[PDB]
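Trainee: Hey, dropping input.cif in here, mmCIF, C-alpha atoms and all ligand atoms:
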```cif
data_model
#
loop_
_atom_site.label_atom_id
_atom_site.label_comp_id
_atom_site.auth_asym_id
_atom_site.auth_seq_id
_atom_site.Cartn_x
_atom_site.Cartn_y
_atom_site.Cartn_z
CA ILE A 1 194.32 28.23 -134.85
CA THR A 2 197.41 30.30 -135.64
CA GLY A 3 197.07 33.86 -134.40
CA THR A 4 198.16 36.31 -131.72
CA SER A 5 197.21 36.08 -128.07
CA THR A 6 194.63 38.63 -126.97
CA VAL A 7 192.54 39.45 -123.87
CA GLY A 8 188.78 39.68 -124.20
CA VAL A 9 186.21 40.64 -121.59
CA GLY A 10 182.78 39.26 -120.93
CA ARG A 11 180.17 38.13 -118.46
CA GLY A 12 179.64 34.63 -117.10
CA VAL A 13 176.48 32.67 -116.33
CA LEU A 14 176.01 34.39 -112.95
CA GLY A 15 176.46 37.88 -114.38
CA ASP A 16 180.03 38.52 -113.26
CA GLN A 17 182.58 40.25 -115.50
CA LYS A 18 185.90 38.54 -116.19
CA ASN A 19 188.80 38.73 -118.61
CA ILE A 20 189.39 35.77 -120.95
CA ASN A 21 192.43 34.73 -122.97
CA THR A 22 191.58 34.71 -126.67
CA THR A 23 193.38 34.41 -130.01
CA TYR A 24 193.01 36.88 -132.90
CA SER A 25 193.07 35.84 -136.54
CA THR A 26 190.24 37.67 -138.39
CA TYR A 27 187.94 36.68 -135.52
CA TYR A 28 188.67 36.49 -131.81
CA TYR A 29 188.55 32.85 -130.75
CA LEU A 30 188.14 31.24 -127.33
CA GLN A 31 191.68 29.87 -127.50
CA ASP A 32 193.91 30.57 -124.48
CA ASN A 33 197.56 30.17 -125.47
CA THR A 34 198.87 31.08 -122.01
CA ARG A 35 198.36 27.62 -120.52
CA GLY A 36 200.07 24.50 -121.81
CA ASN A 37 199.20 23.67 -125.41
CA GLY A 38 196.05 25.72 -125.14
CA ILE A 39 192.51 25.80 -123.80
CA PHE A 40 189.89 25.74 -126.57
CA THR A 41 186.15 26.35 -126.16
CA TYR A 42 183.60 25.33 -128.79
CA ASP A 43 179.96 26.06 -129.68
CA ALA A 44 177.83 22.90 -129.99
CA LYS A 45 174.89 25.07 -131.17
CA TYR A 46 172.22 23.08 -129.28
CA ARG A 47 173.18 19.92 -131.16
CA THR A 48 175.00 16.76 -130.11
CA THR A 49 177.77 16.63 -132.70
CA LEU A 50 181.11 17.25 -131.01
CA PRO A 51 183.08 19.34 -130.61
CA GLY A 52 181.22 21.81 -132.80
CA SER A 53 182.96 24.97 -133.99
CA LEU A 54 185.79 26.76 -132.18
CA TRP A 55 184.09 29.76 -130.60
CA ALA A 56 184.48 32.84 -132.83
CA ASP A 57 183.57 36.41 -131.88
CA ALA A 58 183.87 39.57 -133.96
CA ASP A 59 184.89 42.09 -131.28
CA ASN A 60 186.51 40.27 -128.31
CA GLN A 61 183.59 41.30 -126.04
CA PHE A 62 181.50 38.45 -124.62
CA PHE A 63 178.48 40.06 -122.94
CA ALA A 64 175.65 38.37 -124.86
CA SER A 65 173.47 35.87 -123.05
CA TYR A 66 174.54 33.19 -125.56
CA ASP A 67 178.21 33.90 -124.70
CA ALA A 68 177.93 33.37 -120.93
CA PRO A 69 178.36 29.57 -120.76
CA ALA A 70 181.38 29.80 -123.08
CA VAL A 71 183.01 32.53 -120.96
CA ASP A 72 182.76 30.38 -117.84
CA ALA A 73 183.78 27.06 -119.41
CA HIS A 74 186.86 28.77 -120.82
CA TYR A 75 187.76 30.79 -117.70
CA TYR A 76 187.15 27.99 -115.19
CA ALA A 77 189.16 25.54 -117.29
CA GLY A 78 192.01 28.04 -116.88
CA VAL A 79 191.59 28.15 -113.09
CA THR A 80 191.55 24.35 -112.97
CA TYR A 81 194.71 24.14 -115.10
CA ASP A 82 196.37 26.61 -112.72
CA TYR A 83 195.36 24.56 -109.67
CA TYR A 84 196.83 21.36 -111.02
CA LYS A 85 200.05 23.05 -112.20
CA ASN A 86 200.65 25.29 -109.20
CA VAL A 87 199.49 22.94 -106.43
CA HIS A 88 200.38 19.49 -107.82
CA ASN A 89 203.02 20.24 -110.48
CA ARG A 90 200.77 18.55 -113.05
CA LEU A 91 200.71 19.96 -116.60
CA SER A 92 197.16 19.51 -117.92
CA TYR A 93 195.15 16.32 -117.57
CA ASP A 94 197.75 14.03 -119.19
CA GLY A 95 200.76 15.55 -117.39
CA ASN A 96 202.20 16.67 -120.75
CA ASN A 97 200.17 19.80 -121.46
CA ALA A 98 197.49 18.21 -123.62
CA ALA A 99 195.16 20.77 -125.17
CA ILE A 100 192.00 21.20 -123.08
CA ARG A 101 188.78 21.26 -125.13
CA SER A 102 185.24 22.08 -123.97
CA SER A 103 181.91 22.41 -125.80
CA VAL A 104 178.98 24.45 -124.50
CA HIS A 105 175.37 24.69 -125.63
CA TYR A 106 175.29 20.90 -125.91
CA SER A 107 171.83 19.58 -126.86
CA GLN A 108 168.58 21.20 -125.65
CA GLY A 109 167.51 21.48 -122.03
CA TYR A 110 170.42 19.25 -121.10
CA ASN A 111 170.70 18.79 -117.31
CA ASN A 112 174.23 17.37 -117.17
CA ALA A 113 177.89 17.79 -118.08
CA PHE A 114 180.50 15.12 -118.84
CA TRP A 115 183.94 14.16 -120.09
CA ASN A 116 183.42 12.13 -123.28
CA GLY A 117 186.86 10.47 -123.32
CA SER A 118 188.41 13.41 -125.21
CA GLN A 119 186.78 16.70 -124.12
CA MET A 120 184.42 18.37 -121.65
CA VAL A 121 180.77 18.85 -122.59
CA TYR A 122 178.25 21.18 -120.90
CA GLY A 123 174.50 21.32 -121.17
CA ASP A 124 172.55 24.55 -120.75
CA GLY A 125 170.13 22.96 -118.32
CA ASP A 126 166.36 23.33 -118.63
CA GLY A 127 166.23 26.42 -116.43
CA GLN A 128 164.51 24.44 -113.66
CA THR A 129 166.94 21.74 -112.53
CA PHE A 130 170.02 23.55 -113.86
CA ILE A 131 171.16 26.75 -115.51
CA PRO A 132 174.18 26.38 -117.85
CA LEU A 133 176.43 24.01 -115.98
CA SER A 134 179.76 25.66 -116.77
CA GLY A 135 178.67 28.44 -114.40
CA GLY A 136 179.87 26.28 -111.52
CA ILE A 137 183.62 26.25 -110.96
CA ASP A 138 183.24 23.04 -108.97
CA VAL A 139 181.40 21.52 -111.96
CA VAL A 140 184.10 22.52 -114.46
CA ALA A 141 186.85 21.20 -112.19
CA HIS A 142 184.81 18.01 -111.57
CA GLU A 143 184.70 17.40 -115.33
CA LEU A 144 188.39 18.11 -115.97
CA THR A 145 189.25 15.87 -113.04
CA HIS A 146 187.56 12.95 -114.83
CA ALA A 147 190.23 13.39 -117.53
CA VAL A 148 192.97 13.38 -114.87
CA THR A 149 191.55 10.18 -113.38
CA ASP A 150 191.29 8.55 -116.78
CA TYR A 151 194.96 9.29 -117.53
CA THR A 152 196.15 8.12 -114.08
CA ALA A 153 194.33 5.60 -111.87
CA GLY A 154 191.85 4.79 -114.63
CA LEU A 155 189.05 3.92 -112.18
CA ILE A 156 186.38 1.93 -114.03
CA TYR A 157 183.08 3.86 -114.04
CA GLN A 158 180.90 1.43 -112.10
CA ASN A 159 180.37 0.12 -108.58
CA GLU A 160 183.00 1.01 -105.96
CA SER A 161 185.77 2.04 -108.36
CA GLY A 162 183.24 4.30 -110.10
CA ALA A 163 182.12 5.87 -106.81
CA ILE A 164 185.79 6.58 -106.05
CA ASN A 165 186.09 8.11 -109.54
CA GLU A 166 183.10 10.34 -108.76
CA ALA A 167 184.38 11.32 -105.31
CA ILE A 168 187.80 12.24 -106.75
CA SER A 169 186.01 14.61 -109.13
CA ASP A 170 183.94 16.13 -106.29
CA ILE A 171 186.99 16.43 -104.00
CA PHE A 172 189.14 18.21 -106.58
CA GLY A 173 186.17 20.20 -107.85
CA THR A 174 185.79 21.52 -104.29
CA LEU A 175 189.52 22.10 -103.83
CA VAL A 176 189.56 24.16 -107.05
CA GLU A 177 186.56 26.11 -105.79
CA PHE A 178 188.52 26.90 -102.61
CA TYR A 179 191.62 27.76 -104.69
CA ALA A 180 189.65 30.41 -106.59
CA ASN A 181 188.20 31.52 -103.22
CA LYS A 182 184.80 32.89 -104.34
CA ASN A 183 181.97 31.64 -102.10
CA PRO A 184 183.75 28.31 -101.47
CA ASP A 185 181.97 25.47 -99.76
CA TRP A 186 181.82 21.68 -99.46
CA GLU A 187 178.66 21.49 -101.60
CA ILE A 188 178.60 20.41 -105.26
CA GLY A 189 176.92 22.42 -108.01
CA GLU A 190 175.16 24.99 -105.83
CA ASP A 191 175.85 27.87 -108.24
CA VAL A 192 173.98 26.27 -111.17
CA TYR A 193 171.46 23.93 -109.49
CA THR A 194 167.73 24.76 -109.11
CA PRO A 195 167.64 28.52 -109.68
CA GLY A 196 164.22 28.65 -108.04
CA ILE A 197 165.42 27.09 -104.76
CA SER A 198 167.98 28.86 -102.58
CA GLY A 199 170.43 27.08 -100.31
CA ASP A 200 170.42 23.64 -101.94
CA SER A 201 172.90 21.79 -104.12
CA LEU A 202 173.27 18.62 -106.12
CA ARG A 203 175.43 16.85 -103.51
CA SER A 204 176.91 17.73 -100.14
CA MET A 205 180.32 16.47 -99.04
CA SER A 206 179.86 17.71 -95.46
CA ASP A 207 176.49 15.99 -95.10
CA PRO A 208 175.79 13.69 -98.07
CA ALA A 209 172.57 12.44 -96.50
CA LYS A 210 170.98 15.89 -96.94
CA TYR A 211 170.56 15.04 -100.64
CA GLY A 212 169.90 11.33 -100.24
CA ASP A 213 173.38 9.94 -100.45
CA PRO A 214 175.02 7.58 -97.97
CA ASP A 215 177.47 8.77 -95.35
CA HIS A 216 178.48 5.31 -94.10
CA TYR A 217 179.41 2.07 -95.86
CA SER A 218 176.50 0.27 -94.17
CA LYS A 219 174.15 2.57 -96.17
CA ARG A 220 175.76 1.92 -99.57
CA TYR A 221 173.61 1.34 -102.63
CA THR A 222 173.96 -2.14 -104.11
CA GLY A 223 171.59 -1.93 -107.12
CA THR A 224 172.31 -1.33 -110.76
CA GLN A 225 170.98 2.22 -111.37
CA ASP A 226 173.54 4.96 -112.05
CA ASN A 227 176.28 2.47 -112.97
CA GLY A 228 175.87 0.84 -109.58
CA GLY A 229 175.42 4.10 -107.71
CA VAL A 230 178.53 6.03 -108.74
CA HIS A 231 176.90 9.43 -107.92
CA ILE A 232 175.30 7.95 -104.76
CA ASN A 233 178.05 5.92 -103.07
CA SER A 234 180.47 8.76 -103.77
CA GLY A 235 178.93 10.26 -100.60
CA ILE A 236 180.79 7.74 -98.44
CA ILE A 237 184.16 8.84 -99.81
CA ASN A 238 183.19 12.51 -99.98
CA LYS A 239 182.31 12.36 -96.28
CA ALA A 240 185.65 10.72 -95.46
CA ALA A 241 187.51 13.44 -97.39
CA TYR A 242 185.51 16.19 -95.67
CA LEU A 243 186.35 14.67 -92.27
CA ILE A 244 190.06 14.38 -93.09
CA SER A 245 190.14 18.08 -93.95
CA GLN A 246 187.68 19.63 -91.51
CA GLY A 247 187.37 17.07 -88.70
CA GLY A 248 184.24 16.08 -86.83
CA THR A 249 182.59 13.29 -84.89
CA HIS A 250 180.52 11.05 -87.14
CA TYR A 251 178.59 8.03 -85.86
CA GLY A 252 180.54 8.50 -82.64
CA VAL A 253 184.00 8.39 -84.29
CA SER A 254 186.08 11.55 -83.85
CA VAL A 255 188.41 12.77 -86.59
CA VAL A 256 191.09 15.42 -86.14
CA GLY A 257 191.06 17.66 -89.23
CA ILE A 258 194.31 18.36 -91.08
CA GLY A 259 193.08 20.95 -93.59
CA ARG A 260 192.35 21.13 -97.31
CA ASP A 261 195.92 21.38 -98.59
CA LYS A 262 196.96 18.13 -96.92
CA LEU A 263 193.74 16.43 -98.04
CA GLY A 264 194.61 17.41 -101.60
CA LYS A 265 198.21 16.19 -101.33
CA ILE A 266 197.12 12.83 -99.89
CA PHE A 267 194.39 12.21 -102.46
CA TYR A 268 196.47 13.42 -105.40
CA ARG A 269 199.24 11.02 -104.43
CA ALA A 270 196.77 8.18 -103.94
CA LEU A 271 195.20 8.87 -107.36
CA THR A 272 198.50 9.05 -109.22
CA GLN A 273 200.68 6.49 -107.41
CA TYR A 274 198.46 3.85 -105.78
CA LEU A 275 194.92 3.53 -107.18
CA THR A 276 194.23 1.22 -110.12
CA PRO A 277 191.26 0.76 -112.45
CA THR A 278 189.64 -1.77 -110.12
CA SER A 279 190.34 -0.22 -106.71
CA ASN A 280 187.54 -0.63 -104.17
CA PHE A 281 186.85 1.46 -101.07
CA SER A 282 189.07 -0.69 -98.82
CA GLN A 283 191.90 -0.32 -101.34
CA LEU A 284 191.34 3.45 -101.39
CA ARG A 285 191.75 3.52 -97.61
CA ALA A 286 195.03 1.63 -97.96
CA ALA A 287 196.19 3.98 -100.73
CA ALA A 288 195.36 7.07 -98.67
CA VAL A 289 197.13 5.66 -95.60
CA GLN A 290 200.21 4.87 -97.66
CA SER A 291 200.14 8.28 -99.33
CA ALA A 292 199.91 10.07 -96.00
CA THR A 293 202.73 7.86 -94.69
CA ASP A 294 204.96 8.82 -97.63
CA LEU A 295 204.24 12.54 -97.20
CA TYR A 296 204.09 12.93 -93.39
CA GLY A 297 205.45 9.77 -91.74
CA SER A 298 203.87 6.67 -90.20
CA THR A 299 203.53 8.25 -86.73
CA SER A 300 202.02 11.49 -88.06
CA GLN A 301 198.70 13.07 -87.18
CA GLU A 302 197.92 13.01 -90.90
CA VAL A 303 198.07 9.19 -91.05
CA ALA A 304 196.04 8.89 -87.85
CA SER A 305 193.35 11.21 -89.23
CA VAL A 306 193.07 9.29 -92.50
CA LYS A 307 192.45 6.12 -90.50
CA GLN A 308 189.89 7.84 -88.24
CA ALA A 309 187.98 9.25 -91.21
CA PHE A 310 187.69 5.90 -92.98
CA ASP A 311 186.70 4.29 -89.65
CA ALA A 312 183.97 6.94 -89.27
CA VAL A 313 182.44 6.00 -92.63
CA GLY A 314 182.76 2.25 -92.00
CA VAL A 315 185.52 1.46 -94.51
CA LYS A 316 188.25 -0.90 -93.28
CA CA A 401 181.20 39.94 -129.15
CA CA A 402 180.28 27.82 -103.71
CA CA A 403 180.66 24.11 -104.35
CA CA A 404 169.31 26.08 -106.09
ZN ZN A 405 181.39 12.94 -112.50
#
```
Would you give me this structure, written as structure tokens?
Ligand SMILES: [Ca+2]
Ligand SMILES: [Ca+2]
Ligand SMILES: [Ca+2]
Ligand SMILES: [Ca+2]
Ligand SMILES: [Zn+2]
Mentor:
Amino acid sequence: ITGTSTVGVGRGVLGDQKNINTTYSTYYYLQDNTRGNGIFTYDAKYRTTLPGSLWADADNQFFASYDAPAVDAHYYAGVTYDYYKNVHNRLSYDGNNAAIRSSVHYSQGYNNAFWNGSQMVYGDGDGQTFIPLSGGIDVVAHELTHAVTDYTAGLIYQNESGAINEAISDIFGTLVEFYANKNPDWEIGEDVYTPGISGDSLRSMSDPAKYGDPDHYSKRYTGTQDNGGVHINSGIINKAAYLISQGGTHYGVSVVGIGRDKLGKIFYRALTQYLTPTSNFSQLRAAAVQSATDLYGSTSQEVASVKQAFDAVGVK
């Protein structure tokens, strides 16, 4: 909408106060004009029609319980935009400052979030498996990263290419969580998963097997559930990425860690210059090796560590 840029204040899902970029024209809208061609947050009003209505507020204060998922979807989309721009010189998900749109309060009791081809969508959860999913910065960045993937490598959402797609979203979701630097970890969704159970999470990158997911290619899922295991077999790639960054010895194979920033550079380059819609795990290894070679040189520690990490998870 046309209006003047304003700064509201409110409280997110976890009860924390933050400032939000809004737009004033009669109402204050969740429209952040400070980033690209805007970040826009919508109310889906417990229904499934999308996007719903651009979020309007009378007083620019967002402290109601109903407001909290909107505050966080809007704010964490901003952090994610900043990560991609500042760290990777990428302007929004399309590289040309496309407007970023999110809807909250999608459906009833909805234990998921997704990119629908055009926008991000967040359930409120049922209060048992999840609380409103935009409360997790890793979740928000996971969703926006699906848009980045779709505009770049275009990894088809099934089987190995789909597990790579998933892992890319978990990797960058985690790197954004570290960028913001509030309780960062290598777990996925811990801030919004199972409010009645402390210390768990939806997935673990450091130890995927803790939550049932494979940590070696010989343990990959080969059935048809979950689009051929895209949220399951992502553990193999998540583990490789964790090892590249942090190091470790896994099934007897030692990996020298190179840190998060270099992990992000290698995987961003692989995603944007080498992967294709049909890439499989072996092709991801090759893309990561080539990316590290371009950035650091063929004789570098970085290349050696990429190879060790893929060896450790059984991907040749
Ligand atoms: Ca208000
Ligand atoms: Ca965390
Ligand atoms: Ca996390
Ligand atoms: Ca929990
Ligand atoms: Zn996903």
Trainee: Need to verify the contact set: residue 158 of chain A, 9 Å, all atoms listed in the file, exclusion of same-chain residues closer than 6 positions in sequence. Can you return it as a ChimeraX atom specification?
Mentor: /A:165,226-230
Trainee: From the list A:133, A:120, A:197, A:113, which residue is nearest residue 148 of chain A when using only C-alpha atoms?
Mentor: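 Selected residue with least distance to residue 148 of chain A: A:120.
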Trainee: Using all atoms listed in the file, which protein or nucleic acid residues are at most 9 Å from ligand CA 404 (chain A), as JSON, numbers by chain?
Mentor: {"A": [129, 130, 189, 190, 191, 192, 193, 194, 195, 196, 197, 198, 199, 200, 201, 202]}
Trainee: Within 12 Å of ligand CA 401 (chain A), counting all atoms listed in the file, which protein or nucleic acid residues do you find, written as a PyMOL selection string?
Mentor: chain A and resi 8-11+22+27-30+55-68+70-71
Trainee: Quick one: residues within 10 Å of residue 243 of chain A, all atoms listed in the file counted, chain neighbours fewer than 4 positions away excluded, as a PyMOL selection string?
Mentor: chain A and resi 205-206+237-239+247-250+254-259+263+305-306+308-310+312-313
Trainee: Could you list, as a PyMOL selection string, all residues that come within 10 Å of ligand CA 402 (chain A)? Count all atoms listed in the file.
Mentor: chain A and resi 136-138+174+177-178+181-192+201
Trainee: Looking at all atoms listed in the file, which of A:155, A:104, A:139, A:131 is the one that sits closest to residue 48 of chain A?
Mentor: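 Among the listed residues, the smallest separation from residue 48 of chain A belongs to A:104.
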Trainee: Any chance you could tabulate, as CSV, the residues of chain A at most 7 Å from ligand ZN 405 (chain A) with each one's nearest atom pair and distance in Å to one decimal, using all atoms listed in the file, in chain and rising number order?
Mentor:
```
residue,atom,partner,partner_atom,distance
A:114,CA,A:ZN405,ZN,6.8
A:142,CA,A:ZN405,ZN,6.2
A:143,CA,A:ZN405,ZN,6.2
A:146,CA,A:ZN405,ZN,6.6
A:166,CA,A:ZN405,ZN,4.9
A:169,CA,A:ZN405,ZN,6.0
```
Trainee: What's the separation between atom CA of residue 69 of chain A and atom CA of residue 52 of chain A, in Å to one decimal place?
Mentor: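 These two atoms are separated by 14.6 Å.
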Trainee: Rounded to one decimal place, report the atom CA of residue 80 of chain A-atom CA of residue 97 of chain A distance in Å.
Mentor: 12.9 Å
Trainee: For the atom pair atom CA of residue 157 of chain A and atom CA of residue 54 of chain A, what is the interatomic distance in Å to one decimal place?
Mentor: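 Computed distance, atom CA of residue 157 of chain A to atom CA of residue 54 of chain A, equals 29.3 Å.
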Trainee: Out of A:17, A:246, A:218, A:116, which residue has the shortest atom-to-atom distance to residue 262 of chain A when counting only C-alpha atoms?
Mentor: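 Of A:17, A:246, A:218, A:116, the one nearest residue 262 of chain A, counting only C-alpha atoms, is A:246.
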Trainee: If we count all atoms listed in the file and set the cut-off at 9 Å, which residues sit around segment 34-41 of chain A, ignoring sequence neighbours fewer than 3 positions away in its own chain? Please answer as a ChimeraX atom specification.
Mentor: /A:5,21,29-31,51,53-55,70-71,73-74,77-78,81-82,91-92,96-104
Trainee: Can you work out which one of A:106, A:179, A:75, A:83 has the shortest atom-to-atom distance to ligand CA 403 (chain A), counting only C-alpha atoms and all ligand atoms?
Mentor: A:179
Trainee: Determine the nearest neighbour of residue 273 of chain A from the options A:154, A:212, A:123, A:173, counting all atoms listed in the file.
Mentor: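 Using all atoms listed in the file, the shortest distance to residue 273 of chain A belongs to A:154.
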Trainee: Looking at A:314, A:135, A:15, A:3, which one is nearest to ligand CA 403 (chain A), with distances taken over all atoms listed in the file?
Mentor: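 Among A:314, A:135, A:15, A:3, it is A:135 that comes nearest to ligand CA 403 (chain A).
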Trainee: I'd like the neighbourhood of residue 214 of chain A as an NGL selection string, where a residue qualifies if any of its atoms comes within 7 Å (using all atoms listed in the file), though same-chain residues fewer than 5 positions away should be ignored.
Mentor: :A and (208-209 or 219-220 or 232-233 or 235-236)
Trainee: Near residue 4 of chain A, counting only C-alpha atoms, which residues have an atom at most 8 Å away, once you skip same-chain residues fewer than 4 positions from it, shown as a list in words?
Mentor: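 After dropping sequence-adjacent residues, the list is residues 23, 24 and 25 of chain A.
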